[PDB]
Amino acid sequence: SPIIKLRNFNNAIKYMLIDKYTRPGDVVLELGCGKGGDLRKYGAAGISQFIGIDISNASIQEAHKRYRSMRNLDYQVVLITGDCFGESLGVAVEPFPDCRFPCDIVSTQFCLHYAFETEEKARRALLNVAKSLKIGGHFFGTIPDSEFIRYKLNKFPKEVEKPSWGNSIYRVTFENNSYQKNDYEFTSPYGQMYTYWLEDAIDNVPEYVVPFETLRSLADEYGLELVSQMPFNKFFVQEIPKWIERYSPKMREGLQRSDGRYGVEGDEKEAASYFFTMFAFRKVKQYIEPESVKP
């Protein structure tokens, strides 16, 4: 099953990412945490506290009722319904004094692209991330690669109204063709909508492009310096050497091609390894808002 291979691969990527930046005793803030898909991964890292926030009350309840159903829970868990992009994060976390801010890690797995709906939303999300971190703390995540998206968008003539591409397990469909009509450049960093379909996961839901240059430039304004940016395919090849020993025999088989080498082939190759990038930033400065220091 191709979609299974993709799920396996994307979980391997998340392990590689989490265990690279997260250290024993860390406090972790997972924005857009969904249904607690990444709890086991933070366990291996040896964290102290996990703080999950998601806008969907349904998802948080499935997260609560599921943490109980696992062994080796050596860490405190706080799960919160809240909007991490549209609203200040202090709104969401004030009712939860247990939370130990500032924290060591902020993670956004497959969600930061919902924040690029508007400039206002993108700036709050990043200010939320920056406000939350110790200096020396890391913000890491996974988003669609704007460079892969540009590569594909560049291949369409101006005639095509709603540019679309995909394969058997995924499809992207752009709202308009303003990119092509604007000499193969976005009119704006924000609000660049496309509909994403992934087999048995996302059902034609609107997302936004994240021009990596804009993410990097906003992060800098708020005191985050980029320390790594790699597409999944390149990230995996770099990290896989130190993971083969740690994979269980069944985990090994789910990450192997039919020839026995490690990786993805076929439709998964594009849908998983080319379409997504990881990133990691380090907080280097404490942000102070312009014109905010008064007598």
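So that there is no doubt, residue numbering starts at 1 and follows the sequence shown.
Exercise. In the PDB record, does 285 to 293 or 1 to 9 carry the higher mean Cα temperature factor?
Worked result: Mean C-alpha B-factor is greater for 1 to 9.
For this session: Identify the stretch, either 22 to 30 or 51 to 59, whose C-alpha atoms have the larger mean B-factor according to the entry.
Result: Mean C-alpha B-factor is greater for 51 to 59.
Exercise. Per the PDB entry, which option out of 145, 83, 207, 213 has the greatest Cα B factor?
Worked result: Largest recorded C-alpha B-factor: 83.
Exercise. According to the deposited entry, which of 104, 119, 221, 74 has the largest Cα B-factor?
Worked result: In this record, 74 carries the highest C-alpha B-factor of the candidates.
Problem set entry | Among modelled residues of the same chain, the CA temperature factor third for residue 249 | Highest third.
Problem set entry | B-factor third for the C-alpha atom of residue 69 within its chain | Its C-alpha B-factor belongs to the highest third of this chain's values.
Problem set entry | Assigned third (lowest, middle, highest) for the C-alpha B factor of residue 237 | It falls in the middle third of the chain.
Problem set entry | Ranked C-alpha temperature factor of residue 113 among modelled chain residues, by third | As the PDB entry reports it, the C-alpha B-factor of residue 113 lands in the middle third of its chain.
For this session: Pull the Cα B-factor of residue 176 out of the PDB entry and bin it into the chain's lowest, middle or highest third.
Result: Residue 176: CA B-factor falls in the middle third of its chain.
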